[PDB]
Amino acid sequence: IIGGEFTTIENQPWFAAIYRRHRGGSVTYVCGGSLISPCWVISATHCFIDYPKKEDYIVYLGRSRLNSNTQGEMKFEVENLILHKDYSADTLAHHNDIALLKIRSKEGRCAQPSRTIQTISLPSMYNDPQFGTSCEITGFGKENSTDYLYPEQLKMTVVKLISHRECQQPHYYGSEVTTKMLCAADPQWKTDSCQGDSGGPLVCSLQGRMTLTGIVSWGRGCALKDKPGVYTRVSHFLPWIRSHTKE
Ligand SMILES: N=C(N)c1ccc(CNC(=O)CNC(=O)[C@@H](CO)NS(=O)(=O)Cc2ccccc2)cc1
């Protein structure tokens, strides 16, 4: 997250931290995620497409820091990694960048609701907030495009939804952005999501309720003028989400 503020897991109870084990024992951070149900975390497919092995991932809930523990946190193994089959990456656009991670603790249990661990509500069929609406994003991603390290503490910021018409302008992204994607940015281009925030949640208050409106997917640079963040439009994938989370 470029700019924005430091926050704790208490303020983002549905945020899931995903790590990958390496040969030797070194675990590195991979991507953000969101707990949508006790046994399921939703994220982005491009985070795992190069290493489809479920056995090498670790999911953390109730965690506020990157490389240290937090009281109340819970560790999970990935029982099943569901990548979208029509995923593809073009020059800039990442299509169908969405993924499901079924989780289970070593005792074979799913997440237990606490003050630091809660689910986030999914939207309704083609029912998104009005353009110009403020939403929030959370992540352990870069604070500056030039950094090579990630902040140790979780962060968040607020951005506004941009209309599909505006995001499709020549100086923005042109035809790279489709209706399955959502654009959001700070009107002053000061704050934004960045490398390392992928798979994290774009939350919007819709009719007095926090809703997982999007998933951090892509963008040109970070906090660059007329280069909004692009998010996978959750509302267009409900059918896909339900068919894979049943049995
Ligand atoms: N809101 C943003 N600007 C933003 C959101 C998410 C990411 C994370 N996702 C990726 O990096 C995946 N790749 C991209 O978006 C690529 C194009 O397909 N564009 S990029 O190379 O400009 C992103 C980038 C990479 C390294 C450092 C800064 C920016 C980056 C920027």
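Following Swiss-Prot, chain A shows residues 179-425, kept in their order.
The deposited model was determined using X-ray crystallography, 2.4 Å.
Each residue, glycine too, has its Cβ placed from N, Cα and C.
Its own atom aside, the Cβ of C225 (disulfide bond) has 24 Cβ atoms within 10 angstroms in the protein chains shown. Residues annotated as disulfide bond in Swiss-Prot: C209-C225 (among others).
In sequence order, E257, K280, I281, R282, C288, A289 make up the list of same-chain residues 6 or more apart from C217 (disulfide bond) whose Cβ falls under 8 Å from its Cβ. Under the heading disulfide bond, Swiss-Prot lists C217-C288 (among others).
Residues or ranges marked as active site, charge relay system by Swiss-Prot: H224 (among others). According to DSSP, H224 (active site, charge relay system) sits within a helical segment.
Summarising the annotation, Swiss-Prot assigns active site, charge relay system to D275 (among others). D275 (active site, charge relay system): 28 other CB atoms within 10 A of its CB, across all protein chains.
DSSP assigns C382 (disulfide bond) to a strand segment in the three-state reduction. As annotated by Swiss-Prot, disulfide bond applies to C313-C382 (among others).
Summarising the annotation, Swiss-Prot assigns N-linked glycosylation site to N322. Secondary structure at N322 (N-linked glycosylation site), as computed by DSSP, is coil. Within its own chain, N322 (N-linked glycosylation site) has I180, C400 as residues 6 or more apart in sequence whose C-beta sits under 8 angstroms from its own.
Per Swiss-Prot, the feature phosphoserine maps to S323; the stated evidence is experimental evidence.
DSSP assigns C361 (disulfide bond) to a strand. For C361 (disulfide bond), other Cβ atoms within 10 Å of its Cβ number 24. What Swiss-Prot records for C345-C361 (among others) is disulfide bond.
Taking the Cβ of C372 (disulfide bond) as centre and 10 Å as the limit, one finds 24 other Cβ atoms among all the protein chains shown. Positions annotated as disulfide bond by Swiss-Prot: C372-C400 (among others).
According to Swiss-Prot, the active site, charge relay system annotation covers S376 (among others). Sequence-distant neighbours of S376 (active site, charge relay system): residues of the same chain at least 6 apart with a C-beta under 8 Å from its C-beta are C209, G210, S221, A222, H224, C225, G319, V394, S395.
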Which listed residue (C209, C288, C313, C345, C382) has most other Cβ within 10 Å, given these are disulfide-bonded residues: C209
Candidate disulfide-bonded residues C313, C345, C361, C382, pick with smallest Cα gap to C372 (disulfide bond): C361
Of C313, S323, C372, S376, recorded positions neighbouring ligand 1, Cβ under 6 A: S323, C372, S376
